[PDB]
């Protein structure tokens, strides 16, 4: 096996035990609560807007004839403050599930290959949600810089009505994407639960 | 753990509702949209918007966006989003129908993964549509901004009208694709549903 | 599962699509094939001297110690001929795709070979669509690039290379647009031949 | 569904016309071309001993602690020789492609080996077309890059490296354009040999 | 003579790796999980992260604009941890590769295990190098953000994003520690459970 | 094969090419292999102190509380470039020659005796990999002048930054090192081609036998 | 077989023999000396800095209230002059090992495939080392242009402290990377020795021709 000190084995163990308890806690209590909590958030009015013109923020740019203070969209900011911590907390939980399943990978042995193949499939699935979640964060970072460059272009060049029209469009595009984000996150949490739950037997001992 | 059940049951009802009522209605509704005149323009020169940029002479006002395209965009744009949403719904549905990974009877699960990868390919194309729409406003904006700043170059003017034609053609292709996508999903799921619900039997 | 409204709504479209595809294959495709090959005969697409393509460039030459700059009319007139042909094919590619996919049967273990034929024809049509979309991005590339070319040539009057490239873009576009028609003809022809020769298996991969 | 008397006859006229075109190209055109460029390779403009003779005058005032700058004539004259050769091959690549694809038979389980030969020759011709299109993007790269080079060299007079590179681009272009002719000769030659030696199997993969 | 100089390094490396695996790794695993307990890394209200901006609001030249202190203090904690792991990844790599035997036709399975563990460690190094490029991205991006916000005072979205970058950095830096803990943990478990086969893929004794 | 004396005229090219390739392989290649390895002995390519490479910069240093003269190129690098640059082009040309040669030796695609043709394709893909690397060298050379130019242009415009000045000298060192590696590679490439073709020539000329 | 001119066969042989001697010389004498020499460099204080704040170079940019010549970080420059020639010399030796192993590839023959497979594995490994070492050169080139653009931005916009902090950060980022470089280079030389040494038997004759 592996060489270890009397102190070194105890400090490996405390973490291992703490992690396993964390994962078993997350799977049983946290995940079902979260699944519901965001589906309940999806009921809230800010995420179910009928007329997308109500999203539109005031622009106050002087129309030319043949600059003051331009505020950011409040509605999107309030929405962002709701979805944004949810993205981060899932990414964190993805890492937790990954650390968990990998500590359940046994000694690479020629006997009984099928069991370990299941573990690798569940693991590659969790990695695929993490990848998508990280793709969400890069969509959020894309919003502020792009809306900023949009209003900066619209104010500098007052004569072009297309620059003005895109700023409102970015807000609609962000809104729609942020709505899709919650649905995805709900589906991701749901997907993880179902894949792990149904296969847990084999996941804990592939042998 | 009965708090997980309400969602599961609610989702299954949602998916079965979408497949039976929503999808056929949508399929028709956009094919009916394709009949409307705004999407079947004979002369593409009628699309062209006024430009009002002063021509220089050898020794600016306000430039409006294309109304016709804006009105068209307001029709296709919510259709793109609603499909992307339904793609997620179908995905969540099929994945909850994936059984315990078991050595017995591999063939059934292989069918589920094929239908799933197909829906993902539709979502990928739909997300490619949204990035085409986002590309329109910034590109037409930079086009008129360049055309107004440099009045002497007439190809800058000619491209603004070209972007509108390029957008129109793309937006027309979008509806056809969306119709085909909804149709494709229905047919793939319907014909295989038997195996999709229980790959094991 | 089916409902009273759903039964009708799916069938009408299905029947309408099949009729559309069978109509396209029999009448439209042969007519197109000829119509563009007849276009290829026209003089605007068979220019001997490419210097005749060259458009006037109104730029003052500097001396050692600007007005209107119009686009190339000849290319514009050519573009108005090829451009709708690119779009109409892309549309027909989608039609053929929707058609073949509605002919894909239940995924079944019995008789795998037939379905393999369907997927090959389908991947071929997708490869044609990919090339057609590559044509549209070549057309979009022309106006922005010729624009930046004349804008650079006017701003910097001293460089003769900028002036030389504007005329070169027009020649490069012309040659590409000529290649486009040839390709489009070949694509329509290729589709007809692949579908026609295999239609038997395409409609029923299983038999009976 | 069988086609009308005018419909299939119009599919036939093109088919027959294409086959005649391809058989004409293979027998007469290709050998003539192969020689014609190899004869071009003999010409002095393409075999320059001293590459400093390529160098064009720059006339930019040296600073102490602008007029109009002409393009390189020698390269322009060379370009006018290689450039139509690139386009004409790209066109012929499309012709060979349309030809071989009309020779692809019904996808059938019997005798797979023959069709595999057809696909190999076809993928080879596609690889030649890809390289030819890579040549056109090298030519387009020349004018914009030499233009930006002289524009930078004139704006910032104090830096010699800008001036040095303009002459370097011309040498880099020359060398590339020389390699282009060799490649085109080799491509035409390669096509002839691959098609000629395998023609038997190319026309009928099934045999008989 | 040449073998004597290769030997000292070889022996020194093996001792280093065996030292790292037994003493260093478990201590590190704990030390950062203990860091994760600290308050600077568990902030409830992310608005407390927000740094003062002092840019004059226009009405219908510029003062000194400092960087965020809270992020700087956090960076000084995560940043040396990223580098030290990258270093240890190289150490494990050098170790396992010196344990690769003569390529021989007999008993292929054992060497296949070694290559799998090795490709895993390389994947960890790749992710760690992706972390360094995220840190380098922070300063240049926050800099361009405040530079844009000061130059164009009128546009709020520039000012709002500077605070957003700090939140985005914070969240990423938090994820970094979690990942690093998981990486160290993952390496220990993969090596420990397979060590037998890792030292001798062939199976020998003397 | 319907008409024309021009079939005796695809023969002239074929024969001319084969003679060219056989000439290149026997006489040219060994001479080249040596000639560059002899170049590698020359002092300009074996510089001890890389500070001797450094070219004068003459940019006025600012003073804390005035436009530049003429800024020459690095002569040492220019002289080196004039030696490596024609060698890169001549190899790229010879790669095309070897390619045209081996492809004319590919026989009728036939089911009988597959192994022989597999050898031909391996040698061919190898020569293509050499050409790819040689074309990567030309794009490194083109990168030098534009990058050194933008470097001095930035250094002169902004006099106050010493790192802009420092990188110009660094590009010259980076170019030198790369150009040295280039000749080593070219020697190795010529050597590699000779060995791969020579040892396998038997199978390369007739993959079938007979 | 291959046809040869008397002069050409002499000219092919002299190089062949010279290369083999070079490679055998490199493997036996150079490589062990290098392995040690850098690991001895790793002991030196400039590469083992406790406080990374000591790396920080003076910036002299006037703080605004609501010019000058800015020198390059000497410490990094002195470090660069140490690692930089080591990167180049390894890249050169990678080419040498490659030329060597490829001249040991025999006639492609159907008999005894296993031996040649070993040669290709060692070769692809050396190529992977060369790739990483070319990735190091592009990291070094990245340093000067990036630090330059950093101080140029920091001087132009005096009011933004983030630009000023990043310049010091690049130096720390470079230092850490340059430290990792030496470790990697040591590991690369070591890795090459071990892979070649343990397999040399098969590397010289994959066919198992009697010694």
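Please note: Cβ atoms are built from the backbone with ideal geometry, for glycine as well, and neighbour counts cover all protein chains shown. The numbers here are math on the coordinates, done by the rules we state, and not lab data.
At the listed q of 0.17, 0.23 Å⁻¹, the Debye profile of the stretch A:83-155, built from one uniform point per Cα, gives log10 I(q)/I(0) equal to -0.73, -0.98.
Return one quarter of the surface area of the convex hull spanned by the alpha-carbon atoms of the protein assembly as shown, equal to its mean projected area, in nm².
Result: a mean projected hull area of 60.1 nm².
With the convex hull constructed from alpha-carbon coordinates only, chain C shows a mean projected area of 17.4 nm² over all directions. Among the residues of B:21-28, the average count of other protein chain beta-carbon atoms within 10 Å of the residue beta-carbon is 4.
What is the calculated FRET efficiency for residue D:204 to residue G:75, with r their C-beta to C-beta distance and R₀ = 56 Å, to the nearest 0.05? Intermediate values should be presented prior to the final figure.
Numbers: r = 76 Å, r/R0 = 1.36.
Calculated transfer efficiency: 0.15.
Judged by the mean number of other Cβ atoms found within 10 Å, the most tightly packed of the peptides E:128-136, B:87-95, E:6-14 leads the ranking B:87-95, E:128-136, E:6-14.
Can you figure out the FRET efficiency of residue F:12 with residue G:37, using R₀ = 60 Å and their beta-carbon distance, to the nearest 0.05? Rounded to the nearest 0.05, the efficiency is 0.50.
For the stretch F:25-71, what does the alpha-carbon gyration tensor say about shape, rounded, prolate or oblate, given a ≥ b ≥ c as the root eigenvalues, a/c under 1.5 as rounded, and a/b over b/c as prolate? Since a/c reaches 1.5 and a/b is larger than b/c, the shape of the stretch F:25-71 is classed as prolate.
Counting beta carbons within 10 Å around each of G:145, D:53 and listing the fewest first gives the order D:53, G:145. Per residue of F:155-161, other chain Cβ atoms within 10 Å of the residue Cβ number 5 on average.
Among F:70-78, A:154-162, sorting by the average number of other beta carbon atoms lying within 10 angstrom of each residue, highest first, gives A:154-162, F:70-78.
Once you reduce the stretch E:1-24 and the stretch E:173-194 to the center of their Cα atoms, the two points are 24 Å from each other. Taking only DSSP H segments of four or more residues, each worth -39500 (n - 2.57), what value at 222 nm results for chain G once the sum is divided by all its residues, to the nearest 500 deg cm²/dmol? Computed mean residue ellipticity for chain G: -25000 deg cm²/dmol. In the frame of its principal axes, the stretch C:1-103 has Cα extents of 87, 31, 17 Å, reported largest first.
For peptide G:141-148, compute the average count of partner chain beta-carbon atoms within 10 Å of each residue's beta-carbon. Intermediate results must be reported in sequence, preceding the final value.
Values: counts 5, 0, 3, 10, 9, 4, 5, 11.
That works out to 6 on average.
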